[PDB]
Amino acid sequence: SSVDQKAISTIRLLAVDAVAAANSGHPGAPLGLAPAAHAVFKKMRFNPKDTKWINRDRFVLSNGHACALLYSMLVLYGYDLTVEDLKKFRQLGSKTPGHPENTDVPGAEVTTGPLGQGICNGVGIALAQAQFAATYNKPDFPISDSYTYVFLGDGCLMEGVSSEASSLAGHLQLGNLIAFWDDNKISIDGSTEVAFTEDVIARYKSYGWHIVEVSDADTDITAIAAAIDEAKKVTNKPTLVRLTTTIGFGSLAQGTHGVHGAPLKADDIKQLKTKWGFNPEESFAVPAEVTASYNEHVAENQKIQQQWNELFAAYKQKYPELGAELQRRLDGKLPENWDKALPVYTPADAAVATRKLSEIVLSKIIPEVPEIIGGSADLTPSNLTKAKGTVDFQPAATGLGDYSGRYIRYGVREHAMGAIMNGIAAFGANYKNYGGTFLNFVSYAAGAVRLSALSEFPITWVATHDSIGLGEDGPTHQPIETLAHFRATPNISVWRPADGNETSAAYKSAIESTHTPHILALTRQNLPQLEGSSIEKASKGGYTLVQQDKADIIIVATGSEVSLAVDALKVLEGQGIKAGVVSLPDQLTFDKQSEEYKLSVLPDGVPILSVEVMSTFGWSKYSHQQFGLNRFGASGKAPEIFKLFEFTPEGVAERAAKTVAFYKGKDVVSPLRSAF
């Protein structure tokens, strides 16, 4: 009957009533986690009227199905979300979707639901905070000192991505990360005794985490608060707080799988209300005393932010250059004319692999753009390493780097790298972060990559060894389907640059991005600098590389196949066939250009053949006929594989000539035309 007890009941009943109104959703974990949510939010510093305050504590609901709990907290604290929005939980168009989405929900830092992701995002938020604090904090100027609080359940703990991120977070000694395990022994298939009998706590100790156990988290908010205080004293380890809860606490069906993922019965909701002092005839009740208590915490937090703003002003006087840099980043702006550092090439320059061109770009732009950080997973240092003049991101205690470092050694952890990148982006402060691996193993991280797209985060995959061009490692390593997969995903820019100028354009796009993740598909093998390429033209996503006013055919290609198309043009000239060449380094960027620009590249009245040593899926958007590779690769020297599959100037020319013949006597309109 304290206000804290009333607040916990209010949270529980808002969540239950929201699920009831939707007749869909998950009441069990909200009921079990309401005490912990109340306790954690009371310890957190945040401003519901300024969701982007850079020194806020962050909260992540990794068990995203429990989002009726999150929405209830946001409503009670006066974020831009109301009881009327709760009544529209899981309803088309509402601000309260069935899993939380950062683009739609004020106070949702990331998009969660797919299990395992949110805890990894929390690792990334905490990594970014440590890097940010190391970059900007000074004596008497704690510009950044915030914590990252994550709730997770048994499902997240079973997903391998969370093991990857938890191993890495322990290695990185991320002491401002505090995670809470909803230890309720229930999943969809019933008891965790059926498939999840490991000693979780022993595993987390093996990663180097600190542990606090709260044996009665259904009621003991004093112990939950004390666990947070204890975690804050352990500055060199992330902490896992074991919350032993009853799923669906209070329900007639508490402690059963049936309360995990379906609405409660109406009579159950009545007895919940009566046992907690609420009116069983009323739904969506918000006692004014709860509002008052929560408002007091908001007012205190707002005074903390007000004092932070004055600290920041004083910082700008004491540290003029760092202060201006920080201000620029908080305004979301890159350094003025940063792109003048991008390398430019001419056709007289030597052939270079696009993986090496990418390394060169990074080496030039990292020193000039402090908000770029990145790393690599499952990849040789010889294929990607830190830029000269920087150091790895490591706790100084290891002697292997510092938190001010800029290069992250992710280990062999592609999926966690992907989800950590999302967390770094979510931190804010204009972070433009990247992750390197082989293109074929970006697929290991598909769960996170899709969330980069849905969350609108400007992360970048540096995805080398893009094709059969890698050679001897063979078909287990050679992408076929990978670009089609990601190009088919909404909101992914998939750059496959052909040369030096196109690689600079790809990075200009990736670093300038604010809402679109990028994948840069890069070669092992050397490619020539193209006659006709430029950053300007490649920035359009697709452009006419070789214009032929009397073209019998246009060849559209990407990456390593653009030079192949140019060589095929010469073979075709000897056969009496005049070809143009289009380079299409990013289909998404091209698609966003004006219809008239696109038609100037892919006009009516001429057959168009695509060439790319990968799946032909998607290519009919831009071509009438497609020469691709729709079978797995081979283990051998790369030039021999290209010859085997007829990706040679003569093989392209043969198919171009067949395309010209196939359209003789036919009327041909641009592939860009459509009926609707």
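Under this definition, the rigid core comprises the largest set of C-alpha atoms superposing within 1.5 Å between the forms. For every residue, the number given is its place in the sequence shown, counted from 1.
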More variable segment, 380-388 or 551-559 [Cα RMS over structures in 7 other deposited structures of this protein, core-superposed] = 380-388
query = Relative to this form, superposed by the core, which stretch has the greater CA RMS in 7 other deposited structures of this protein: 159-167 or 370-378?
reply = 370-378
query = Comparing 665-673 with 4-12, where is the mean C-alpha B-factor higher?
reply = 665-673
query = Which wins on mean Cα temperature factor, 178-186 or 381-389?
reply = 381-389
inquiry  = Just to confirm, going by the entry's C-alpha B-factors, which of 148, 460, 503, 256 comes out highest?
reply    = 256
note = Max C-alpha B-factor within the set 120, 606, 408, 424 falls on 606
query = What third of the chain, by the recorded C-alpha B-factor, contains residue 537?
reply = middle
inquiry  = Among the modelled residues of this chain, does the Cα B factor of residue 29 put it in the lowest, middle or highest third?
reply    = middle
note = Of the three thirds of Cα B-factor ranks in this chain, residue 277 occupies the highest
Residue 47 CA temperature factor, ranked by third within the chain = middle
task = Going by the recorded CA B-factors, say which third of the chain residue 342 sits in, lowest, middle or highest.
result = middle
